[PDB]
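As a starting point, one isolated chain is supplied in structure tokens, in the form solved without the partner chain.
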């Protein structure tokens, strides 16, 4: 429509992709991008990878060049916080009291770092204690990635691991702490955690699992952290502390406007929230996965792209792409880590290749059904695995771990079985 105005709250990948996708699918109306961030929209993955390593330019981070917004006639309103939504009048209220009218509203609010309780007040304020989510966070941390200085990373998720890998390369003394018994405990099988723990320790990282931070010591003059204290009495001297204990989806605007919320903004098969004219997308969206027949909220680039493209399609009267298996990647010590599917609910894993080398695939199964596959330096088996998950192919479990049998042929057999019998 060339009259309907669309307002997108959030200028992260999700919001920006909706904006440009919209104008790419034939949208003629007005598009307004509104975000509290001041910087030009940029990619996030490089922030714990090449950019954090200081090897990529700031320019390379832009999602789209600044001129692109003008050319595609997309109004970008940065440094502006949306404080409320008025479904009745169909307007979004800005912190300055200003209100923007909308015919279609898209909430691409993403999430915010989960604060560490024992790092409140002065601790969190210290210039050498940071979470990693914004460009500002990344640059503040990078400036402090100094050889021989001591870093303590709190949190063992993929980003924590990527931060540790980057710091190690910068020759820092690195210690990583996780409360769980093994890193990535919730999304991987023990032998996979073992791989990562050994991988990092081998690189020089001192990983301490089952460790809980009880507090910090700080300098009076500089108001900087000088040490991290563990519940068991261990004192870890630190020149830098990076915390990453998860993300909190930004649903406040939704829950305040009476929209359904549950660890994310609930949306239906049409990307719509409880309110027809309001949609949600990206890290903040909790949707129903028909592939796994359950409600999930995914934090990944592929997820944002897929969801953003679906919204653009629907708002333009076009047909959305069929639901694809969820996937994401991680870069640690130049190792190609690619994960497809959701492992939740697996009752066994099958390793294809040796875990003593960064070259294998791990299949997560629930019975004979493949739920997900984590691949390490195996791009082809990764692509092939997407097909197995997305199409629910009946691949023979007893051959998945047999490297003398190409995955392509295992797949061929599964497909032939459907057509023949």
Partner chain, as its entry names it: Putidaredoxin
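Positions refer to the first chain, counted from 1. We call the rigid core whatever largest set of C-alpha positions still superposes within 1.5 Å between the two forms.
In this entry, 73-81 shows the higher mean Cα temperature factor of the pair 161-169 and 73-81. Look at the C-alpha B-factors of 53-61 and of 29-37. On average they run higher in 29-37. Looking at 293, 137, 283, 331, the one whose CA carries the top B-factor in the deposited record is 293. Out of 300, 86, 307, 226, it is 86 whose C-alpha atom has the highest B-factor in the PDB entry. Residue 176 sits in the lowest third of its chain by CA B factor, as recorded in the PDB entry. Per the PDB record, residue ranking by Cα B-factor puts residue 315 in the highest third of the chain.
Residue 346: CA B factor in the highest third of modelled residues in this chain (values from the PDB entry).
Per the deposited record, the Cα B-factor of residue 45 falls in the lowest third when ranked against the other modelled residues of its chain. Residue 146: CA B factor in the lowest third of modelled residues in this chain (values from the PDB entry).
Below, we refer to the form solved in complex with the partner chain, which is not included among the displayed structures.
For the options 383, 38, 366, 354, the one in contact with the partner chain in the entry with it bound, meaning a heavy atom within 4.5 Å, is 383. Site annotation in the entry with it bound: the residue of 305, 77, 257, 100 reaching within 4.5 Å of the partner chain with a heavy atom is 305.
With the partner left out here, the partner chain still marks one of 29-37, 388-396, 63-71, 366-374 in the entry with it bound; by a 4.5 Å heavy atom cut-off that stretch is 63-71. Proximity of 301, 379 and 408 to the partner chain in the entry with it bound is complete: all three residues have a non-hydrogen atom within 4.5 angstroms. In the entry with it bound, the partner chain lies farther than 4.5 Å from every heavy atom of residue 133. In the entry with it bound, the partner chain sits within 4.5 Å of a heavy atom of residue 329. In the entry with it bound, residue 200 stays away from the partner chain, with no heavy atom inside 4.5 Å. In the entry with it bound, the partner chain stays beyond 4.5 Å of every heavy atom belonging to residue 412. The rigid-core alignment places the CA of residue 24 less than 2 Å apart between the shown form and the other one.
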